[PDB]
Structures are given as structure tokens and as C-alpha cells.
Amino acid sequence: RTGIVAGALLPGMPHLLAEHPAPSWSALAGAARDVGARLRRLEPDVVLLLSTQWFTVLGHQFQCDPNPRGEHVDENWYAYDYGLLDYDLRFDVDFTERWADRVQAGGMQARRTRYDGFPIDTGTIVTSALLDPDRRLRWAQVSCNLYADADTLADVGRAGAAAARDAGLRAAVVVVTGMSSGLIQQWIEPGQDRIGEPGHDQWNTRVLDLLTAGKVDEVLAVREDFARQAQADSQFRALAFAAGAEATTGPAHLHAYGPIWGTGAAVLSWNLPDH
């Protein structure tokens, strides 16, 4: 089959790679690694990618450096072992060109990004380490515009799925996002993690129940509520992008759910069986 054929959603905080992880971090990390094995078994030509931690407020930026690599010390977690992250990413910059072109054809400002020293976000590095330790996948990444409407990001998602079809690619979509963002303002130990604020846990589970039942358009109808009351990562526009990219079809398989330093975190997949 051509086009977008699989989808996955996973958290992106570096705690998933901790040497001494909280039980929830190791469960989320293990689920992510499982999703990665399934994704690589699908053998997609390209994986469209959006991580909330590469954000923008001006147009839609696309990663056009074919091979960013190096070491990244996260600006927040430098003091922990999981704050030091190595990365070596391969981007299909030519499919990215087709996708950026489709976005410009839709009236949006597509911005090619190829600069030495351009910052690489922690979410993308963590996702590569969990889903693709051997760097087999070829990514196509767009920024997460926080300024324009969430539906414009859905439009960019629709443009990506159309480009994948025009290019004859077997592609998947991966979005790196948290759920509720109730961060614990303390230097906690791994054993004392928890959902951070009242009502956040119920909100995450409500959203997760709807997605596991294939009721995606109903999470999108309540997205703004989820964002306001549970401080969902980037107003959960990562889901709007994934839905736009035809990636969230059918029932969602919940692989794991738990807290990361107060935030809500879940590993989900669409159309990613074990076989």
C-alpha cells in the first residue's frame, strides 16, 4: 500500500533513558522500544515526524539537513545522566522538499531549514534512541507551530500524507508529545513521581479511552478543553497534526501510560500489530 500506513504517539522527555528510571518511565520506554520494533518491521520508506519541543511561531519549518549528529546536553536536565544525549539522525530531505512544496501550494509559508549548529530538540533525540537505536529509519520533520491555529498544523499534516502518496512511498507518522503538563516544581526522586495536579489524570484517561475506541474526532472536539484544564502539551496540537496526516485511523493501541515528573505520558500506536 502507498501513503500513510501507520501512526504512533510517544512522549519525548529524556527521563525515559534514565539509568535509574521510575517504574513509569521504564514502562513508557519499554513500550516505545516495542513500537519502534513494530515500526521498523513495517519498513516504511519515510516516517513523517512532529515533536512539540521543536516549536515555531513563524510559518512551518522543515528539517533539510540530511544528517544532524553530535551530542546534546539538555537545557533542563543537564544535571542528570539522561541530560547527556548522543544523536545521529537521517532525514529524507528530498521527500521533505515535496512536502514543503505541497505546504506552500496550500497558501502557507514553508521554510527550509539547513543550518550548521541548528538546535536539535530533546524529544526528537529521545524518540530516535527508543524507536531506532541503529538509525535505520529515514525521517521527514516539520516544526510545531504554536502561534497559528491548531487546524493549520492539521493542514500541514494533510499535505504530508498527500505528498507521501504522490511520491509512492510507504510512510508512517510519529508525533512526540506529552499529555497533561502538570510539572512538579521540586527535585524529586525517581520513586516519588505522580501526575502533578488535580484532574490531569482523569483528563488523560478520558482522552486515552476515546482514542482506544477509535473516537478521534471526539478528542479533537474537546481538544481545547483538554488543553485548558489539563495544560496538554502544546494544546495537544500534535494530535491534530497526526489526524490531519491520516495516521490516527482505527482503534489506538495503548502500550503504556504514566507520569514523568508530573506530566502525563502515553505510548500509542495505530495500525501497528505485532505481525
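Start at 1 and count along the sequence shown; that's the residue number.
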Could you check the entry and say whether 154 to 162 or 195 to 203 has the higher mean CA B-factor?
-> 195 to 203
Once you work out the mean C-alpha B-factor for both 206 to 214 and 65 to 73 from the entry, which is higher?
-> 206 to 214
Going by the deposited entry, which of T127, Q141, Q186, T177 has the highest CA temperature factor?
-> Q186
Name the third of the chain's ranked CA B-factors that contains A256, choosing lowest, middle or highest.
-> middle
Going by the entry, which third of its chain does the Cα temperature factor of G59 land in?
-> lowest
What third of the chain, by the recorded C-alpha B-factor, contains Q229?
-> highest
Lowest, middle or highest third: where is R102 by C-alpha B factor in its chain?
-> highest
Cα B factor band for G123 (lowest, middle or highest third within the chain) = lowest
